[PDB]
Every structure is written in structure tokens, then in C-alpha cells.
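Chemist:
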Amino acid sequence: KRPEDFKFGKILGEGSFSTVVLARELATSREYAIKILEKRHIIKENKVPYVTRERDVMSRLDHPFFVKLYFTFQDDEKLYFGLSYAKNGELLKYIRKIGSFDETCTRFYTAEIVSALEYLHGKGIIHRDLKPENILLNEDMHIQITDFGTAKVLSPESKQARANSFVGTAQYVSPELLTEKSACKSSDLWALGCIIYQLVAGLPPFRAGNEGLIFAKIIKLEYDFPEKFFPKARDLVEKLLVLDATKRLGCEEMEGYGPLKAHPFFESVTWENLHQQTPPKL
Ligand SMILES: c1ccc(Cn2cc(-c3c[nH]c4ncccc34)nn2)cc1
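Following PDB author numbering, the numbering of the sequence shown begins with 77 at its first residue and continues without gaps.
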């Protein structure tokens, strides 16, 4: 494909070295979110690892709750990644707007994230930057998870469990990354715990005016629940926000996703056809 194969529209996101722009493919009339990277910039900033990594990770993804990579092309100066377009924006936008999700909405969107992570972890991949800003909503209001630049493919051949790069967003970073200096699949489950808490409480659990203060609270597991927090959701959060990464519900050591999906908070959930169910109105 060539850039001339598309008509570009509004900018969907501006990054430090890349931009995402809405595009319509002329020959088919389909809409894509195209991620564009300046080739000169990548070499200068040594962002190539982030770029090559992202292509290979996304090439492995084929699940309804993840952004799909449809095509990639290049011209003398730029790299283009054709991605799924999610019309309804970030999950964060809705948390801020509504303030906090009711129990039905909390359960439904938490279940979709759990289903997504079960797939991703099954493929041996750690997102490492899960947060509401990276959980988009498509036209039907189902989730689409994006931003795989920070993602890691763990090697099957050495039964790899740990990733060493320090990446992520402070409010959602796991204690093991801060103290042991490495992350694992279970690090995404810590982030899930923060996200569930945020859907109900309106803000993430560890929050402060700067990163260092946040890190200090994470390491000490210093947070509180607001009054009226749904009880079964509270129990689930307490089973995810655990300092020991081998003791989080859903992690390999705790025998995987089955026990997590079996949590009482999810009792009314039908897991199989989640992506075809009608989302509860927010
Ligand atoms: C540069 C790097 C990363 C980002 C964040 N981002 C948004 C998206 C995205 C994929 N499909 C979409 N559809 C609508 C809006 C945003 C997106 N992927 N990554 C924005 C700019």
C-alpha cells in the first residue's frame, strides 16, 4: 500500500515520535487508524527497538478485544501501521465523565479486560502498560486494547518469565518492577487491579502529585477503599493488588485464568460470547 492509497482525516493522537491519524482507504472505503512514524526521528532517538518490537507483537494478535494490525508500508521518510479504528475513544474519557461505573458496567468491562488478558498471556505476551487510556471503545462499545510499543514477547524456548526494561505508567506500575527491577505476566494483573479500583472509585488506588510519591505507596501497598465500594469487587481487587506477584489471582502460579474467571464478582458472566453481547449502557 502507498500513502496515496488513502485519504487522511483528523489526528487521533499525537506522540513524541509518532502520530495516529484517521484514514479512509480509497479502493475499499474502509476506515483505519494509521500510526505514522518518522524514519529519521526513530534513528536519531534510537526508537527502532520500540518500533520493530511493536510490529512483531501486533502481528501475533488476532482477538476481538485487541486492536488489529491490518497492513504496514513505508516511503522514503515514513513508516505506516494500519490499525483498527475505535470510534468511541478511551475508557478514561468515560470514567472521568460518569465519575464511576455501576456494578453491572464495572463487571462487564472488567470481564472483557480479563478475557483480553487471558488471550494475551496465552500467547506469552506482557502488555506492561495497561491503563484506561490504552483501552479504547469501538463503535459497538466493546473494548479494543492498543499501544503495544511497550509490550514484551516472552521466549517459550527458555520458559522466560521476566522482562527487564523499565517501562510503564507510574500509577499502574507493579511493585516487582520497582523492587526486583523486572516484570512478568502477573504485572498486568496488578494493573488490572488498579483499573477495577479506578472504575468504581473514580481514581486509581495509588495517586500523588509526583511519581516518586506514587512508587513509595505502591511498594508499601498503601491505599484505602472508599465507602460503598461493591463488596465482591473489593474482594477481587484485594486478590490482585498483592505485593507477591506469584500470589495474584490469574497468575500462572495460581493456576491461570480459570480461577480468576471463577471469582464471585463474575458469577453472572457468560464468558464465551462476550464480544457479541450487548454492552450495558454507561
Ligand atoms: C502515538 C503513539 C501511540 C498513541 C496511542 N494510540 C492510539 C491508538 C489507536 C488505535 N486505533 C485507534 N482508534 C481511534 C483512536 C486511537 C486509536 N494506538 N495507539 C498515539 C500516538
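Even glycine gets a Cβ: it sits at the ideal position worked out from N, Cα and C.
What does DSSP give as the partner residue(s) for residue 101 in the beta ladder?
Modeler: Looking at the DSSP assignment, residue 101 forms a beta bridge with 82.
Chemist: Please report the Cβ distance between residue 167 and residue 143, rounded to the nearest whole angstrom; I am assuming they are in contact, meaning their Cβ atoms lie under 8 Å.
Modeler: Contact flag wrong, Cβ pair sits at about 14 Å.
Chemist: What number of angstroms, rounded off, separates the C-alpha of residue 114 from the C-alpha of residue 124?
Modeler: Using only the alpha carbons, I get a separation of about 11 Å.
Chemist: If you follow the alpha helix (DSSP H) that residue 336 is in, where does it begin and where does it stop?
Modeler: Looking at the DSSP string, the run of the alpha helix (DSSP H) that includes residue 336 is 333-337.
Chemist: Among 219, 199, 102, which one has its Cα closest to the Cα of residue 235?
Modeler: Among 219, 199, 102, the Cα nearest to that of residue 235 belongs to 199.
Chemist: Could you please give me the residues that DSSP links to residue 109 through a beta bridge?
Modeler: Per DSSP, 98, 159.
Chemist: Bridge partners for residue 154 per DSSP, in chain order?
Modeler: Answer is 114.
Chemist: Ligand 1 and residue 244: does the residue's C-beta get closer than 7 Å to at least one heavy atom of that ligand?
Modeler: No; taking the cut-off as 7 Å, the Cβ of residue 244 has no heavy atom of ligand 1 nearer than that.
Chemist: So, under 8 Å CB-CB, residue 284 and residue 293 are touching, yes? Tell me the CB distance rounded to an integer number of Å.
Modeler: That belief holds up - the Cβ atoms of residue 284 and residue 293 are roughly 7 Å apart, short of 8 Å.
Chemist: Just mark residue 216 as buried or exposed, buried being the case when its beta carbon has 16 or more other beta carbons within 10 Å.
Modeler: Counting Cβ neighbours within 10 Å, residue 216 comes out exposed, since fewer than 16 surround it.
Chemist: Should residue 161 be counted as a contact of ligand 1 given a C-beta to heavy atom distance under 7 Å?
Modeler: Yes, Cβ of residue 161 sits closer than 7 Å to a heavy atom of ligand 1.
Chemist: Over the uninterrupted beta strand (DSSP E) stretch that includes residue 220, give me the two end residues.
Modeler: Unbroken beta strand (DSSP E) run through residue 220: 219-221.
Chemist: Could you name the residues of the same chain whose beta carbon sits closer than 6 Å to that of residue 312, not counting the 5 residues immediately before and after it, in chain order?
Modeler: Excluding positions up to five away in sequence, the list reads 339, 341.
Chemist: What are the boundary residues of the beta strand (DSSP E) that includes residue 213?
Modeler: Residue 213 -> beta strand (DSSP E) spans 211-213.
Chemist: On the CB-based measure, 16 or more other CB atoms within 10 Å of its CB, does residue 78 come out buried or exposed?
Modeler: It is exposed - the Cβ of residue 78 has fewer than 16 other Cβ atoms within 10 Å.
Chemist: Would the region 259-268 count as touching the region 301-309 if we require 3 or more Cβ pairs under 8 Å?
Modeler: No: fewer than three Cβ pairs fall under 8 Å.
Chemist: For a minimum of 4 consecutive residues, which ranges assigned as the alpha helix (DSSP H) are wholly contained in the region 269-350?
Modeler: The region 269-350 contains these whole alpha helix (DSSP H) runs: 287-296, 307-316, 333-337.
Chemist: Spell out the partners DSSP gives residue 128 in its beta bridges.
Modeler: None, per the DSSP bridge assignment.
Chemist: Quick one: Cα of residue 204 to Cα of residue 127, how far?
Modeler: One C-alpha to the other measures close to 16 Å.
Chemist: Measuring alpha carbon to alpha carbon, tell me which residue in 189, 277, 328 is nearest residue 237.
Modeler: Selected option, being the one with the closest Cα: 328.
Chemist: Kindly list the residues whose CB is nearer than 6 Å to the CB of residue 251, restricted to its own chain and excluding five residues on each side of it in sequence; keep chain order.
Modeler: Correct list, in chain order: 294, 295, 319.
Chemist: Cβ of residue 100 within 8 Å of Cβ of residue 83?
Modeler: Yes, the pair counts as a contact, with Cβ atoms nearer than the cut-off.
Chemist: Do residue 162 and residue 210 have their C-beta atoms closer together than 8 Å?
Modeler: No, the Cβ-Cβ distance between residue 162 and residue 210 is not below 8 Å.
Chemist: Considering only DSSP beta bridges, list what residue 228 is partnered with.
Modeler: Answer is 202.
Chemist: Compute the Euclidean distance between the alpha carbons of residue 255 and residue 103, then round it to the nearest angstrom.
Modeler: Near 52 Å, if we compare the C-alpha coordinates of residue 103 and residue 255.
Chemist: Is any heavy atom of ligand 1 found at a distance shorter than 7 Å from the C-beta of residue 95?
Modeler: Checking the Cβ of residue 95 against ligand 1 gives yes.
Chemist: What does a CB cutoff of less than 8 Å around residue 190 pick up in its chain, not counting 5 residues either side in sequence?
Modeler: Closer than 8 Å at the Cβ level, and outside the excluded window around residue 190, lie 268, 326, 333, 336, 337, 342.
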